[PDB]
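Enquirer: File protein24.tsv follows (TSV, C-alpha atoms):
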```tsv
chain	number	residue	atom	x	y	z
T	1856	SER	CA	27.36	58.16	-18.41
T	1857	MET	CA	27.42	57.63	-22.24
T	1858	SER	CA	28.03	53.90	-23.03
T	1859	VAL	CA	28.64	53.25	-19.24
T	1860	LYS	CA	25.77	51.59	-17.41
T	1861	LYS	CA	25.11	49.82	-14.09
T	1862	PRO	CA	23.83	46.23	-14.44
T	1863	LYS	CA	20.07	46.04	-15.59
T	1864	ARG	CA	17.65	45.48	-12.55
T	1865	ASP	CA	14.65	43.38	-13.77
T	1866	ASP	CA	11.59	45.74	-13.68
T	1867	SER	CA	9.26	43.50	-15.80
T	1868	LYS	CA	7.14	42.43	-12.75
T	1869	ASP	CA	6.87	45.93	-11.14
T	1870	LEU	CA	3.35	46.64	-12.63
T	1871	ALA	CA	1.92	43.41	-11.32
T	1872	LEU	CA	3.57	43.71	-7.95
T	1873	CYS	CA	2.38	47.41	-7.38
T	1874	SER	CA	-1.18	46.17	-8.33
T	1875	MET	CA	-0.96	43.49	-5.64
T	1876	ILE	CA	0.20	45.94	-2.99
T	1877	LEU	CA	-2.63	48.36	-3.97
T	1878	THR	CA	-5.14	45.43	-3.68
T	1879	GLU	CA	-3.93	44.76	-0.15
T	1880	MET	CA	-4.24	48.49	0.78
T	1881	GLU	CA	-7.80	48.55	-0.81
T	1882	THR	CA	-8.97	45.60	1.36
T	1883	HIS	CA	-7.47	46.75	4.74
T	1884	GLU	CA	-10.22	47.53	7.25
T	1885	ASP	CA	-8.81	51.06	7.86
T	1886	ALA	CA	-8.78	51.99	4.13
T	1887	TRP	CA	-12.30	53.64	4.26
T	1888	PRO	CA	-11.04	57.30	4.48
T	1889	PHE	CA	-8.84	56.75	1.35
T	1890	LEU	CA	-11.00	54.65	-1.10
T	1891	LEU	CA	-12.53	57.59	-2.99
T	1892	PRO	CA	-11.66	61.22	-3.69
T	1893	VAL	CA	-12.51	63.70	-0.85
T	1894	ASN	CA	-15.79	65.49	-1.92
T	1895	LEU	CA	-14.54	69.07	-2.56
T	1896	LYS	CA	-18.09	70.47	-2.62
T	1897	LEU	CA	-18.92	68.99	0.80
T	1898	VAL	CA	-15.73	69.35	2.86
T	1899	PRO	CA	-15.00	72.93	3.74
T	1900	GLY	CA	-11.36	73.93	3.50
T	1901	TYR	CA	-10.12	70.86	1.50
T	1902	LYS	CA	-9.92	72.42	-1.92
T	1903	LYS	CA	-7.85	75.44	-0.83
T	1904	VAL	CA	-5.63	73.69	1.64
T	1905	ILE	CA	-4.70	70.38	-0.14
T	1906	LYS	CA	-2.98	71.38	-3.32
T	1907	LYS	CA	-2.77	67.81	-4.75
T	1908	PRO	CA	-5.61	65.50	-3.64
T	1909	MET	CA	-4.92	61.76	-4.04
T	1910	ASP	CA	-6.85	58.57	-3.15
T	1911	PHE	CA	-6.73	54.79	-3.82
T	1912	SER	CA	-9.29	54.80	-6.69
T	1913	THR	CA	-7.33	57.54	-8.53
T	1914	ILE	CA	-4.05	55.57	-8.05
T	1915	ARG	CA	-5.82	52.44	-9.39
T	1916	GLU	CA	-7.04	54.27	-12.54
T	1917	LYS	CA	-3.55	55.82	-13.13
T	1918	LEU	CA	-1.90	52.37	-12.68
T	1919	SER	CA	-4.32	50.59	-15.03
T	1920	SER	CA	-3.89	53.20	-17.81
T	1921	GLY	CA	-0.03	53.44	-17.86
T	1922	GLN	CA	0.28	56.75	-16.19
T	1923	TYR	CA	3.09	55.64	-13.78
T	1924	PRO	CA	6.45	55.73	-15.60
T	1925	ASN	CA	8.19	53.69	-12.89
T	1926	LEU	CA	7.67	52.12	-9.38
T	1927	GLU	CA	8.94	55.34	-7.61
T	1928	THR	CA	6.22	57.57	-9.10
T	1929	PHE	CA	3.67	54.99	-7.80
T	1930	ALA	CA	5.13	55.16	-4.18
T	1931	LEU	CA	5.07	59.00	-4.34
T	1932	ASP	CA	1.24	58.99	-4.97
T	1933	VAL	CA	0.63	56.42	-2.19
T	1934	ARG	CA	2.72	58.59	0.27
T	1935	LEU	CA	0.82	61.69	-0.93
T	1936	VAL	CA	-2.44	60.07	0.26
T	1937	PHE	CA	-0.95	59.85	3.82
T	1938	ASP	CA	0.72	63.27	3.80
T	1939	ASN	CA	-2.57	64.84	2.80
T	1940	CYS	CA	-4.31	62.98	5.62
T	1941	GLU	CA	-1.76	64.25	8.24
T	1942	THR	CA	-2.09	67.82	6.88
T	1943	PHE	CA	-5.91	67.88	7.41
T	1944	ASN	CA	-6.72	65.53	10.35
T	1945	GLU	CA	-5.65	65.57	14.00
T	1946	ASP	CA	-3.44	62.55	15.07
T	1947	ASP	CA	-6.03	61.82	17.81
T	1948	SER	CA	-9.01	61.13	15.43
T	1949	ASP	CA	-10.25	57.98	13.77
T	1950	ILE	CA	-9.11	59.23	10.31
T	1951	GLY	CA	-5.75	60.52	11.71
T	1952	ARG	CA	-5.03	57.07	13.27
T	1953	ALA	CA	-6.20	55.31	10.07
T	1954	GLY	CA	-3.61	57.25	8.08
T	1955	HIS	CA	-0.72	56.35	10.36
T	1956	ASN	CA	-1.79	52.65	10.37
T	1957	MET	CA	-2.02	52.53	6.53
T	1958	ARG	CA	1.33	54.26	5.98
T	1959	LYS	CA	3.04	51.67	8.26
T	1960	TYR	CA	1.30	48.82	6.42
T	1961	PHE	CA	2.34	50.23	3.02
T	1962	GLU	CA	6.03	50.88	3.96
T	1963	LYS	CA	6.49	47.29	5.17
T	1964	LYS	CA	5.04	45.78	2.01
T	1965	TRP	CA	7.13	48.12	-0.08
T	1966	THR	CA	10.44	47.13	1.68
T	1967	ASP	CA	9.59	43.40	1.62
T	1968	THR	CA	8.56	43.35	-2.05
T	1969	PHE	CA	11.36	45.56	-3.52
T	1970	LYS	CA	14.31	46.11	-0.96
```
What's the structure tokens form of this structure?
Expert:
Amino acid sequence: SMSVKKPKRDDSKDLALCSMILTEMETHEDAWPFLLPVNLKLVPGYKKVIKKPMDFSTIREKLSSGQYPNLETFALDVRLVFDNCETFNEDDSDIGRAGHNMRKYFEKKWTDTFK
């Protein structure tokens, strides 16, 4: 509350560390469904169904331009990429399986870097 604060957690390396995680997600062999925005002219149903599209290149541009206020808003966009994928793709599909693999990969790196 006013003039009463918890001890200050050092957040000065968060930007660099989220960039490194994003680099590792970018270079994973199963990243290919997630590298670029879904083409809304060429994929029937996507525009109407997925209310907030997200992808790795859009996260990278947001990160690089100071559009993430803190490390939690960055994790929310990464998780959005996987939630969108589960909404649109069957579990038993190459893209469906890709999304589950990448989410697992991300959550481990997130815990090990920050928790």
Enquirer: Taking 4 positions as the minimum chain separation for residues in the same chain, which residues sit within 10 Å of residue 1942 (chain T) when counting only C-alpha atoms? Answer as a PyMOL selection string.
Expert: chain T and resi 1904-1905+1937-1938+1946+1951
Enquirer: Those residues you just picked out, can you put them in a file as a PDB file, in the frame of the given file with C-alpha atoms?
Expert:
```
ATOM      1  CA  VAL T1904      -5.630  73.690   1.640  1.00  0.00           C
ATOM      2  CA  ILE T1905      -4.700  70.380  -0.140  1.00  0.00           C
ATOM      3  CA  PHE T1937      -0.950  59.850   3.820  1.00  0.00           C
ATOM      4  CA  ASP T1938       0.720  63.270   3.800  1.00  0.00           C
ATOM      5  CA  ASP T1946      -3.440  62.550  15.070  1.00  0.00           C
ATOM      6  CA  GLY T1951      -5.750  60.520  11.710  1.00  0.00           C
TER       7      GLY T1951
END
```
Enquirer: Quick one, how far is CA of residue 1912 (chain T) from CA of residue 1871 (chain T)?
Expert: 16.6 Å
Enquirer: What is the CA of residue 1869 (chain T)-CA of residue 1891 (chain T) distance in Å, reported with one decimal?
Expert: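 Separation of CA of residue 1869 (chain T) and CA of residue 1891 (chain T): 24.1 Å.
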Enquirer: CA of residue 1864 (chain T) and CA of residue 1911 (chain T), how far apart in Å?
Expert: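 Taking CA of residue 1911 (chain T) as the start and CA of residue 1864 (chain T) as the end point, the length is 27.5 Å.
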Enquirer: Do a neighbour search on region 1954-1964 of chain T at 7 Å with only C-alpha atoms, toss out local chain neighbours closer than 3 positions, and write the hits as JSON, numbers by chain.
Expert: {"T": [1876, 1937, 1940, 1950, 1951, 1967, 1968]}
Enquirer: Within 12 Å of residue 1894 (chain T), counting only C-alpha atoms, which residues show up once you throw out same-chain ones fewer than 6 positions away? Write them as an MDAnalysis selection string, please.
Expert: chainID T and resid 1888 1900:1902 1908:1910
Enquirer: Which centre and which edge lengths, in Å to one decimal, describe the axis-aligned box that holds all listed atoms of region 1908-1924 of chain T after 4 Å is added on each side, as AutoDock Vina command-line options?
Expert:
```
--center_x -1.4 --center_y 58.0 --center_z -10.5 --size_x 23.7 --size_y 22.9 --size_z 22.7
```
Enquirer: Using all atoms listed in the file and a cutoff of 8 Å, can you tell me which residues are near (-13.1, 54.2, 8.8) in the file's coordinates, and write them out as a PyMOL selection string?
Expert: chain T and resi 1884-1888+1949-1950+1953
Enquirer: Kindly indicate which residue among T:1936, T:1914, T:1930, T:1877 lies nearest to residue 1966 (chain T), using only C-alpha atoms for the distances.
Expert: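 Nearest to residue 1966 (chain T): T:1930.
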Enquirer: From the options T:1870, T:1883, T:1906, T:1859, which residue's atoms come nearest to residue 1924 (chain T), counting all atoms listed in the file?
Expert: T:1870
Enquirer: Go through T:1926, T:1862, T:1873, T:1939 one by one, measure the shortest atom-to-atom distance of each to residue 1893 (chain T) using all atoms listed in the file, and give the residue with the smallest value.
Expert: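 Smallest separation from residue 1893 (chain T) among the options: T:1939.
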Enquirer: Give the answer as one residue: which of T:1916, T:1932, T:1925, T:1941 has the shortest atom-to-atom distance to residue 1868 (chain T), using all atoms listed in the file?
Expert: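 Among the listed residues, the smallest separation from residue 1868 (chain T) belongs to T:1925.
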